[PDB]
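Taking the deposited numbering as reference, the numbering of the sequence shown is continuous, increasing by one, and the terminal residue is 153.
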Amino acid sequence: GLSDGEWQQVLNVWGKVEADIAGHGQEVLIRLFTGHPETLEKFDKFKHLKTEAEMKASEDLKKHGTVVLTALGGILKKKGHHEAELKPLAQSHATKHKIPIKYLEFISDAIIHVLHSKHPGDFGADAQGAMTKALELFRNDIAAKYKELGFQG
Ligand code: HEM
Numbered sequence: 001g002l003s004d005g006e007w008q009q010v011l012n013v014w015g016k017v018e019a020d021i022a023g024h025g026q027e028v029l030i031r032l033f034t035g036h037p038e039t040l041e042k043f044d045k046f047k048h049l050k051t052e053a054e055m056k057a058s059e060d061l062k063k064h065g066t067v068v069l070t071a072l073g074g075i076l077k078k079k080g081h082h083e084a085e086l087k088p089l090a091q092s093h094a095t096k097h098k099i100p101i102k103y104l105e106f107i108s109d110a111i112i113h114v115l116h117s118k119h120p121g122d123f124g125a126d127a128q129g130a131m132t133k134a135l136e137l138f139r140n141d142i143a144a145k146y147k148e149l150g151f152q153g
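Here it is, written out as structure tokens:
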């Protein structure tokens with residue numbers, strides 16, 4: 001788990017995201033889609049986006065970014081006590097959306113990238129460490145739910 005100090009760092013970093021949830025969410029999804037085009041194919045409603053310019057101009061993509069980061073933020077604020085929040089997300093992502101855990105790794109990495117991109121010099125080594133642990137815990141708890149379901153891809 002994370003220490004109390006680590007959780008405080010995570011939620012301090014999260015304040016940056018909360019100042020511009022839509023902008024952070026958009027950039028995270030664009031980073032995901034451009035770095036890993038296979039991920040776009042899981043989204044019937046984003047498949048039509050043929051260029052990054054189109055992605056940037058998509059108001060629905062920004063909207064989904066808000067949905068994604070709002071859900072993640074609610075989970076992070078539980079500081080690991082997130083079974084009720086996380087279980088349904090894991091199950092919808094496995095059973096309905098068919099999202100391999102690899103893609104959760106990709107989006108976790110995208111979040112770290114976007115934080116540095118939007119806040120260069122203001123996302124310190126301790127902060128990166130703590131946020132990485134939180135995202136690993138999130139991913140790992142999802143992975144346990146995936147194993148329960150026998151879901152791979
Ligand atoms: C931080 C990690 C993620 C969070 C917090 C998150 C959150 C959400 C939420 C709240 C929804 C709407 C409710 C639901 O269907 O459960 C959703 C829908 C969806 N998610 Fe995720 N998600 C994450 C990662 C991913 C990734 C990596 C992919 C694919 C590469 C993905 C694919 C989808 C798809 C296809 C939908 C349905 C979208 C629609 O057509 O409305 N998610 N996600």
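Don't be surprised by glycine CBs; every beta carbon is placed ideally from N, CA and C.
Quick check on the DSSP output: what are the complete alpha helix (DSSP H) runs of length 4 or more inside the stretch 56-111, in order along the chain?
59-76, 83-91
Given a cut-off of 9 angstroms, decide if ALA134 and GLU18 are closer than it, judged by their beta-carbon atoms.
No, these two residues do not count as a Cβ contact at 9 angstroms.
Is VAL68 near the ligand HEM, with its Cβ less than 8 angstroms from a heavy atom?
Result yes, Cβ under 8 angstroms from the ligand HEM.
Whole angstroms is fine: what's the gap from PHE138's alpha carbon to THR34's?
23 angstroms
Check whether the Cβ of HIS48 lies closer than 8 angstroms to any heavy atom of the ligand HEM, and answer yes or no.
no
Would you call the CB atoms of residue 160 and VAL28 closer than 9 angstroms?
Because the chain here runs from 1 to 153, residue 160 falls outside it and cannot be looked at.
With the cut-off set at 9 angstroms, would you say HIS64 and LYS45 are in Cβ contact?
By the CB criterion at 9 angstroms, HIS64 and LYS45 fall inside the cutoff.
Under 8 angstroms Cβ to Cβ from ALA53, same chain only, skipping five residues before and after it: list those, please.
No residues qualify anywhere along the chain.
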